[PDB]
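Accompanying notes for the structure given below.
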């Protein structure tokens, strides 16, 4: 798309924070990269985030990702997630993929889902087995996806609250603003990252945004 969704605006606000660059600068940087590679805006923002986590230039991150795609025969998305999971783990990409593949087979999930689980466990400071146990409890209790359950865990950590508090606020946001759960959780997380209120994060994002 050329029109920017709220979802996408929020991701950039997050990336602007991470890079320490104005939102205007982050927009341009994400659009240049989207154009250059012919990828989604979300994927462009991801790449900027991966390079920041790696501590490499964006080109270098792209070079690594393209080489790893060819090596493993995987998508660019998967290669990026492998690099990210490896940067978060502080290990090799080979080790990260090894762990992801074992976990993929165990849980009957995708490699992408497995890599997200590994990254999430690192973000929570727990083992994977613990993170999976806690995510699956939420999945069953609330009737959310495994992905969403993980997102809830992570949002709670960013907020410095329990998962009960995080869910309570997310569902309030859904009812008040008519957003999806995934949206609500992202808003909560972005406001935490920007050092602001829920209202101010959305107000910025709306300035930035064009498509719905």
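How much of the pair distance distribution for segment 1-110 lies past 21 Å, counting alpha-carbon pairs only, in percent?
38 percent
What is the distance in Å between the Cα centres of segment 161-212 and segment 101-116?
Using only Cα atoms to place each centre, the spacing works out to 28 Å.
On the principal axes of its Cα set, how long, how wide and how thick is the chain? Give whole Å, largest value first.
46, 41, 26
Label points 7 Å out from Cα along the Cβ direction at residue 168 and residue 180: separation in nm?
Here the answer is 2.7 nm between the modelled labels.
I want to verify a result. In a Gaussian network model of the chain, Cα cutoff 10 Å, which of these has the top mean-square fluctuation: 110, 14, 49?
Between 110, 14, 49, it is 110 that shows the largest mean-square fluctuation.
Quick reminder, even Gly has a Cβ in these numbers, built from the backbone with ideal geometry, and neighbours come from all protein chains shown. Read-outs: derived from the displayed coordinates by stated rules, not from any lab.
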